[PDB]
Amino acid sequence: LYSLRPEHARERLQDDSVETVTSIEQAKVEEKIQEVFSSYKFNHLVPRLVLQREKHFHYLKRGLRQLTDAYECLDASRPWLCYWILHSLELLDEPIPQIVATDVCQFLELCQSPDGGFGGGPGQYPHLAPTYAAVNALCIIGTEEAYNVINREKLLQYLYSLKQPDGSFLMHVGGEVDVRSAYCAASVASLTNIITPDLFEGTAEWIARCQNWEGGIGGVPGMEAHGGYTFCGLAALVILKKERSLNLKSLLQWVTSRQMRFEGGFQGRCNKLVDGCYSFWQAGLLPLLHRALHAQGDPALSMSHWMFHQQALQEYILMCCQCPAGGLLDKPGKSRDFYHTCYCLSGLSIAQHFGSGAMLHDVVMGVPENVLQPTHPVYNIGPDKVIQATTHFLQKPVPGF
């Protein structure tokens, strides 16, 4: 275990004897993480890195049916709860009874707007975040019933209603614009095969403007580089086949710099704290960058590993991000939620599975029962679900109007 090595103690923060809110909060975190790493030593047992599948499963299968009122704050993100859960069950290799699947379908049908796209719950105006989640969930289910839920003609119509002259998209009518909308739109449009010749005109150029001096991408041009926005920007470009619109090298340096030398997990932006959900948003960028550089015929790329420490990330997730009661989390001391369960699991899968053309190479830390189902780095649903969905929607012609 890389984290438990003696020389690893050398990776602790060095504040130069100049304390600020930043160095103080980081130190608090490193302190709490160290107690976790050393827990084995102090209790004299052999470290057994085990992914509590059964614990995660009861939590998941239960949240899929009902939730306490603590979730009232996510009452406008219900299609997200469906995606987060079904996708977590999918990574864990747990099946969706055909009865559960049809129920989820019927629910998303209620969330779908007569104007296209899905709202955060039955009767809510459509928004791109829950539209992306609703579409991804239906693709994980992959039945003809699920696929048929989506009104492709109203969907394309909705996307056009959000499209802006500068290339960006609003998140919803009368709403805000940021890189998330570009990804949400490129994701649902590509999966459903509704991309017209001009739908994304100028979009690649607008996303390119979000890349700043740090190498990463901000929510809108001018903003600080962040992992959630950077994944959205790059993943959208990959879908549009415009990855080259970005300085891929400065981005590679930025994302690789986001992995915490000590904790092993990824921070969202420079000088902030590590967080389990970034095991996906940030680490998810490495597979995307591998593909892009490889497309450019990069000869120096690895043939077995992603350009981040797959071992350290898996150790941070397995040792620090699991709630004993089931569910995963941001960091030790945080409460579990379905969002972090989904992304901690998504990031673990990315960390375990390498692949570039004919090469395949796994790295499963802890017990081998830890290995999860692979996840497509662009859509974050099973690669099989992507192929199955796109192949299906390709039988339909692009809506003409």
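Note that residue numbering follows the sequence shown and begins at 1.
When the mean C-alpha temperature factors of 40-48 and 56-64 are read from the deposited coordinates, 40-48 comes out higher. If you average the C-alpha B-factors over 181-189 and over 228-236, the higher value belongs to 181-189.
Between the residues 279, 77, 102, 271, it is 102 that shows the highest Cα B-factor in the PDB record.
In this structure the maximum Cα B-factor among 249, 331, 209, 291 is found at 291. In the PDB entry, residue 309 places in the middle third of its chain by CA B-factor. Residue 380: CA B factor lies in the lowest third for its chain, per the PDB record. In this PDB entry, residue 340 carries a Cα temperature factor that places it within the lowest third of its chain's modelled residues. Ranked by C-alpha B-factor against the other modelled residues of its chain, residue 197 falls in the highest third. Residue 26: CA B factor lies in the lowest third for its chain, per the PDB record.
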